[PDB]
Amino acid sequence: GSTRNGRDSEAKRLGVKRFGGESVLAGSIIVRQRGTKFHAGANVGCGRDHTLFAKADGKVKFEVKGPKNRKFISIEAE
Amino acid sequence: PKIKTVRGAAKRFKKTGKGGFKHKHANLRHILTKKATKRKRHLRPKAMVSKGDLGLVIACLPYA
Amino acid sequence: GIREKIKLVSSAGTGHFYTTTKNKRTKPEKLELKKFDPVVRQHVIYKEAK
Amino acid sequence: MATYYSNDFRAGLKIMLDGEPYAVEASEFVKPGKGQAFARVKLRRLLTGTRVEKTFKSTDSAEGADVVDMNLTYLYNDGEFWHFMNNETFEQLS
RNA sequence: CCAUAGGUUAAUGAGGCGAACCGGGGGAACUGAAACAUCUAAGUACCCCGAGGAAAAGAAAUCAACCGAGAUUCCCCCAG
RNA sequence: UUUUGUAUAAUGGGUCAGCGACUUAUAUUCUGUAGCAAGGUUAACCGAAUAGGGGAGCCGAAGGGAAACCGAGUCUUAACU
RNA sequence: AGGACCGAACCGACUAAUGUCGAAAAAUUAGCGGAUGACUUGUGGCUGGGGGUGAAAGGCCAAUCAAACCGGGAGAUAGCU
RNA sequence: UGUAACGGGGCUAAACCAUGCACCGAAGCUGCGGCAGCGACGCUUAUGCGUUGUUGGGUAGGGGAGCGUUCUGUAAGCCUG
RNA sequence: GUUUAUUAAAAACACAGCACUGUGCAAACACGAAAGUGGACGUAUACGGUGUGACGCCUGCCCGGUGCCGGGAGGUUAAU
RNA sequence: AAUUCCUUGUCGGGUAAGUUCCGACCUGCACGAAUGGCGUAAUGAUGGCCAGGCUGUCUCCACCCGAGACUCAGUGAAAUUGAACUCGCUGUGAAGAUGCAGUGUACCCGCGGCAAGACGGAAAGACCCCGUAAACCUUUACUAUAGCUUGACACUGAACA
RNA sequence: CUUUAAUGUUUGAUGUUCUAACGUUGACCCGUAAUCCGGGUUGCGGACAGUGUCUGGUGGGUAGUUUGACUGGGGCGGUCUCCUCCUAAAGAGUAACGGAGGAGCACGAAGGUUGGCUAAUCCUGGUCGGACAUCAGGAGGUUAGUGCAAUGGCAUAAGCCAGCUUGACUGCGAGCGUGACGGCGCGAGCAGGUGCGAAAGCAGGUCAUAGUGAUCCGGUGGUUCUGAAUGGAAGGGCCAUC
């Protein structure tokens with residue numbers, strides 16, 4: 001007979017690129033993600049694609065803050 | 001007989017001072033108004049031919 | 001397709017132009033935007049043309 | 001551009017070949033073992049419309065027409081012409 | 001009617017062969033384009049005519065760059 | 001030989017002797033090597049001629065730019081941190 | 001009289017067997033069809049390659065035919081063996 | 001097609017499970033002799049070694065080092081009735 | 001009667017007849033760059049083409065489509 | 001039905017029995033009127049069917065006569081061929097074994113026969129797919145072109161309406 | 001516009017007459033012993049026909065050619081780029097003619113900013129008024145919304161509303177992300193010029209992720225950058241674009 005599926009897309013290569021304590025030079029993408037699964041914290045910016053880019057050549061560190069426990073991404077400064 | 005140059009590659013590449021090649025980027029001839037001006041700034045200057053497709057350029061223009 | 005493309009021409013002395021789109025058969029009044037003119041280095045009014 | 005192949009269109013799909021618009025009334029798509037496919041299409045002329053019968057192959061067929069059949073309101077007569085108005089958008093028509 | 005046309009007679013010349021080169025008249029397709037039609041192959045193969053020991057071109061209605069060079073042909077560069 | 005894999009019942013060869021398949025030309029790039037070295041080398045041609053003349057040229061010492069133009073800088077830009 | 005009839009020569013080729021490294025690159029044997037005609041035959045002409053000829057089968061054109069043979073382009077091209 | 005569902009004879013342990021030591025068994029490992037690559041080294045050298053460390057299956061494929069054949073110079077030399 | 005010389009002799013091809021159609025003669029048409037020939041030393045009771053296939057009884061409706069024939073008002077349209 | 005799928009349609013004839021033949025019906029998948037429809041005497045090396053006569057076609061083969069085959073003398077081929085000291089079997093295996101495993105059987109070597117196997121011989125499968133293969137053929141495929149056809153200029157001028 | 005007439009009208013459209021080009025495959029005469037040819041007369045055609053060049057039409061009569069790939073053999077049917085989820089084995093990636101759906105846009109506000117606001121659906125009470133309109137209160141909690149499929153996200157709202165607005169701005173861009181490459185994505189900061197806000201600040205489009213096509217050829221605008229003797233120009237180039 002016939003089929004109606006067989007269609008997908010270029011896998012977007014998302015996820016975290018730089019993990020925990022791992023020195024990142026300013027402007028380095030850390031998390032490439034759909035929505036704000038991981039939120040931007042200290043010294044880390046958020047782009048127009050919810051890519052949290054580093055902003056200060058330092059470390060990383062994820063956390064949980066407020067009263068929603070949203071992994072948060074900060075940048076220890078070394 | 002001496003090697004003839006591919007004449008179309010002669011008009012699209014130019015040798016730089018350390019063996020590399022410069023080429024004009026390829027998206028900036030038409031439907032431009034749907035492109036953002038961030039793409040229409042980065043496509044405007046000259047690029048360098050990558051390390052992968054550098055051997056294909058050398059073979060098709062030996063004198064330049 | 002329907003939303004055709006227009007050409008905002010600068011009201012300064014030069015001929016710099018922005019190009020954009022406009023659905024003409026819903027909102028047919030012309031665009032009178034105020035954009036940056038890089039020849040004058042000022043921020044003069046632009047106006048729709050074809 | 002809206003090009004059509006003859007194995008595609010069902011009925012009412014307005015096509016445009018040989019300088020005249022055509023409506024398709026019906027089309028029977030057949031293809032037999034050891035032959036190719038053809039569609040014996042029962043068309044309809046649109047400008048002088050009586051009927052026309054074409055038996056297209058599987059390839060090719062025609063461009064479409066700008067062929068809108070919308071509701072118009074007869075409201076006026078003058079000399080020859082007859083003017084009309086849309087009750088949805090109020091565009092002129094002569 | 002003159003005259004031409006034709007016929008006659010004499011004189012002189014050509015005719016055919018020949019491997020390549022050489023000038024002219026005509027002139028492919030396979031192929032390559034990773035298909036193909038523009039294009040290429042290629043004015044090539046091939047065909048025909050014509051001469052010579054060589055032949056054709058050859059004494060600027062040529063170039064040049066404002067300074068100049070001085071017919072034509074051929075080899076090496078310019079120059080893939 | 002070809003293949004994922006052949007004793008294969010897949011190919012090929014009756015045997016013997018002889019012949020039988022990466023060449024040649026000219027450009028081009030890298031490797032070795034020899035010469036000379038910010039220089040290196042001539043092509044036709046001339047030549048009592050694989051000598052010697054001949055430097056016409058060619059590549060290299062400077063790049064940037066589409067180009068004019070500028071020059072250890074240049075382009076981009078109204079200007080570059 | 002007759003594209004009349006039966007039937008030898010002459011012309012043909014319906015069936016069967018044999019033959020199918022044959023006696024023969026299509027024949028033999030036993031029967032079979034036409035046999036005064038749109039017949040058959042000898043000699044010599046004529047028509048030619050996308051052309052001839054064809055009571056038409058794409059049959060025939062020197063044991064070759066959906067485009068002969070020979071020579072040349074030519075060592076065409078072969079992503080295949 | 002023939003026993004044809006231990007490989008077979010045959011087995012009531014020569015079957016199964018447990019536990020125990022023996023032995024067989026490879027081109028593995030060790031022994032003994034030779035060979036080659038590569039890396040270190042010491043002290044030597046135009047490079048070798050009591051050395052020492054290791055390494056050495058191979059198709060497509062890349063790298064290295066050779067043998068032999070015909071012919072040219074060395075060669076009117078040398079070998080040869 | 002003819003046919004696939006060399007696996008098919010038939011219901012295929014041909015046929016007398018039939019009808020449509022072209023052709024007024026320097027004919028239509030065929031062969032040929034052209035001259036010229038065939039048609040034909042014929043001339044519409046003649047020739048070419050196409051379909052059908054003795055004879056008997058017959059041959060119905062459809063001009064939308066496609067071809068053909070005729071018409072020229074109008075629209076479109078080449079070189080110039 | 002030279003046409004009918006279903007289907008060996010259903011009915012009748014013929015036969016002890018008939019998917020064929022003949023008649024008929026009509027539910028004509030999908031006849032049909034000069035790409036002719038339906039009849040048609042004659043004719044056919046034409047297609048189907050039935051009957052008489054006739055028989056080795058057959059039940060079911062028997063015997064005889066000749067030419068080979070067989071032996072002998074003479075001459076003397078061929079396709080074929082990796083090499084062979086070239087068994088059965090059951091299993092394994094590039095999946096159908098003379099060759100491997102287990103096992104059985106078999107003294108060495110001819111001759112006359114028969115062909116089940118050697119995936120026997122002959123023909124680089126014709127079917128099937130594939131090649132950006134080839135040829136012819138078709139047409140409302142694409143692009144051209146001969147021929148036909150239209151008009152303008154040329155050969156080509158003079159008078160009026 | 002629509003008729004009428006005068007003139008120079010641009011002229012074509014045809015339609016008789018004529019003979020001298022031209023035709024004659026009409027008779028006669030000569031070359032000439034020749035149903036060829038040539039000339040000479042004469043008759044009939046006659047500026048027609050015919051031919052050359054250019055040109056529109058028709059043109060399988062003829063020639064060169066094309067006629068896709070995947071595919072559980074091939075044809076047929078389906079499919080071919082992009083986005084979302086699963087398969088996908090907790091980094092990324094991952095196939096099948098595997099299981100499901102979507103895109104070939106929309107918007108000058110649906111973008112920017114500042115200021116505020118909080119849903120869905122039931123429940124009761126209430127004029128017409130019902131299962132359901134508007135009003136009021138409660139329960140409820142984001143089961144709502146998000147220009148559009150799915151997933152992730154969203155209360156500081158990215159959801160709803162209002163004012164002012166054009167940053168849907170030009171030149172750059174450290175640094176990474178992701179592709180074999182062409183490319184694609186993110187981006188603090190820098191200069192110029194603006195918007196909104198008292199200000200701190202935010203703003204180089206939109207909640208993110210589809211909404212798309214390389215070159216060549218050519219079109220338009222700008223810029224003396226080149227401009228075949230020179231001066232211009234043409235044509236190229238660059239820039240904006242189609």
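See the structure printed just above.
Residues numbered from 1 in each chain as written, not as in the entry; some residues may be left out. Chains lettered and ligands numbered in written order. Part of a larger assembly, values for the part shown. Heavy atoms only, no water.

Q: How would you sum up the overall build of chain D? Please name residues and give values.
A: A count of helical and extended segments in chain D gives zero helices and eight strands. Across chain D, helices and strands are ordered from the amino to the carboxyl terminus as β-β-β-β-β-β-β-β. Its C-alpha atoms give chain D a radius of gyration of 17 Å, clearly above 12 Å, the size a compact globule of 94 residues would have. Seen along its three principal axes, the alpha-carbon backbone of chain D occupies a region of about 60 × 25 × 20 Å. Within chain D, buried positions represent 19% of all 94 residues. A separation of at least 24 residues holds for 30% of the contacts in chain D among residues at least 6 apart in sequence. (Helix = DSSP H or I, 4+ residues; strand = E, 2+ residues; numbered from the N terminus. Rg over C-alpha atoms; globule rule 2.2 N^0.38 Å. Buried < 20%, exposed > 50% of the residue type's maximum accessible area, 1.4 Å probe, protein only. Contact = heavy atoms within 4.5 Å.)

Q: If you had to explain the side chain of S6 of chain D to someone new, which residues and values would you point to?
A: Residue and element names in this part refer to chain D. Tracing the sequence through the fold places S6 in the segment before β1 (15-17). Assessed through its relative accessible area of 1%, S6 is described here as buried. With sequence-adjacent residues up to four places away left out, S6 is seen in contact with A39, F56, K57, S58, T59 and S61.

Q: Outline the sheet that holds strand β3 (residues 39-40) of chain A, listing residues and values.
A: All names here are of chain A. The mixed open sheet is built from three strands, whose spatial order is β3-β7-β6. Unpaired on one side and paired on the other, β3 and β6 (62-63) mark the two borders of the sheet. Where β6 lies against strand β7 (residues 72-73), two bridges are found, and the strand directions are antiparallel. Counterpart to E63 in the pairing with β7 is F72. (Pairing = 2+ DSSP bridges.)

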